[PDB]
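The chain below stands alone and is given as structure tokens, in the form deposited in one PDB entry.
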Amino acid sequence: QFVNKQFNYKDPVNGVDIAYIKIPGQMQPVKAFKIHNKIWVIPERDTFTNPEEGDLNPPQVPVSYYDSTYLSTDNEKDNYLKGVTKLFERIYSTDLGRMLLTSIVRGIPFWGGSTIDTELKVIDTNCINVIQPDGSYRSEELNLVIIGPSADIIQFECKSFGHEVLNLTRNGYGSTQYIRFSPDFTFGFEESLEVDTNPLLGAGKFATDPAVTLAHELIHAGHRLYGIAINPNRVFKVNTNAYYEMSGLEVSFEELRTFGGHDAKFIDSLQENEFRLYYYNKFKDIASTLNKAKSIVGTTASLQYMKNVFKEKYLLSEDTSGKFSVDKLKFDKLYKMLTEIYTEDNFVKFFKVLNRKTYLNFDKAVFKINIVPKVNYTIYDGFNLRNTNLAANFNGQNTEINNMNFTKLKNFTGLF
């Protein structure tokens, strides 16, 4: 199992894996759960990571959904925690998911906080502050936090804190990733491509498996933890869908990469090679920075332990004297793993689900779901339960046939 404890929300705090924490304005502490080394879950709406997003009311775009009361009660938080746990187990049960989660846990954000070259130092915004049994705070490094959505319930995304001059998600360093996510809602899509990619057609017959949606965000998180995310200012000015063109819709290269399959091929070979070279250069910077460091700051870890952590993360070569370098062959291999093997399209193949065929579509609807009961959804089958009417033809994802598992909250078709 990926998650050794089946936490209940009302389990007592212990200051270790069930604790009140603060994240790096003023905030009150929030109850959080450490589901795995380097990975925490905060069953709260995210009113914390962005100062401009401190409340839960609408400011509405077609694809949005608002309910300021979602995820306010203990029962909802208990189910949130169980649902997120189940999705991590579903992911981890696949070879591809085990690979991705292993990469994520090994992807410790770089200790790039020193302004003195000869010293190696943590960056504080890659930590959380945990209330200990005596009521005082300690600082804990972590890689990933799953948190509830902000005002728009269905705006899922990977958020992280910046640095004053460093671009941590694009300079190889990485940073702690906060994924706004809910297991309590999902998207409807259409099985015919010419309907799915038309904004005027379809009610959302099939439901997206939320394990795919979480995997998608985890793939972004992998890019961002390794500091290889593509700048969102690099976009495909889509010219393969007449409706996209009418509205001038642009899609980031980072999204196309993450989806994979034919979408990723809209990044041409020259651009692919440019980015590979750019990020290779960032890993070389990191090796040079590590070589300059002769002392560590803080008392919790030795310099040789931290140099090993980063050797293992970046797959660096180390000579006998202890000098690091980047092997271009190993770089290309890791870069390829993170960017081409870990894709939405590949997850679809492992989960054996129906899914959108492209990111360049129009979402059809949003449904309320409940994946916690095993009669509804399982680690091994998702909605498409074996030895039932739901096992065949993705019938479990068919919102018409498995109608008790989906309640439509909003239609998007006709609003674009």
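All residue numbers are counted from 1 along the displayed sequence.
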| property | result |
| --- | --- |
| Absent coordinates between residue 15 and residue 16 - deposited residues affected, binned into four classes | none |
| Between neighbours residue 60 and residue 59, residues that the deposited sequence lists but the model omits | 4 to 9 |
| Residue range whose averaged C-alpha B-factor is higher in the record, 205-213 or 282-290 | 282-290 |
| Residue range whose averaged C-alpha B-factor is higher in the record, 111-119 or 230-238 | 111-119 |
| Top residue by Cα temperature factor, when 98, 257, 170, 159 are compared in the entry | 159 |
| Member of 37, 358, 68, 26 with the greatest C-alpha B factor (per the PDB record) | 26 |
| Residue 354 CA temperature factor, ranked by third within the chain | lowest |
| Among modelled residues of the same chain, the CA temperature factor third for residue 53 | highest |
| Chain third (lowest, middle, highest) by recorded CA B-factor, residue given as residue 189 | lowest |
| Entry-reported Cα temperature factor of residue 275, expressed as the chain third it lands in | middle |
| Cα B factor band for residue 253 (lowest, middle or highest third within the chain) | middle |
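Below, we refer to the form solved in complex with a partner chain, which is not included among the displayed structures.
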property: Contact label in the deposited complex: residue 216 to the partner chain, heavy atom within 4.5 Å; result: yes
property: Residue 251: touches the partner chain in the deposited complex, heavy atom cutoff 4.5 angstroms; result: yes
property: The partner chain contact in the deposited complex: residue 362, any heavy atom under 4.5 Å; result: yes
property: The partner chain contact in the deposited complex: residue 63, any heavy atom under 4.5 Å; result: yes
property: Stretch in contact, per heavy atom within 4.5 angstroms of the partner chain in the deposited complex, of 370-378, 40-48, 351-359, 384-392; result: 351-359
property: All of 187, 244 and 255 with a heavy atom within 4.5 Å of the partner chain in the deposited complex; result: yes
property: Residue among 86, 159, 220, 276 with a heavy atom within 4.5 Å of the partner chain in the deposited complex; result: 220
property: Sole residue of 130, 290, 338, 154 within 4.5 Å of the partner chain in the deposited complex, by heavy atom; result: 154
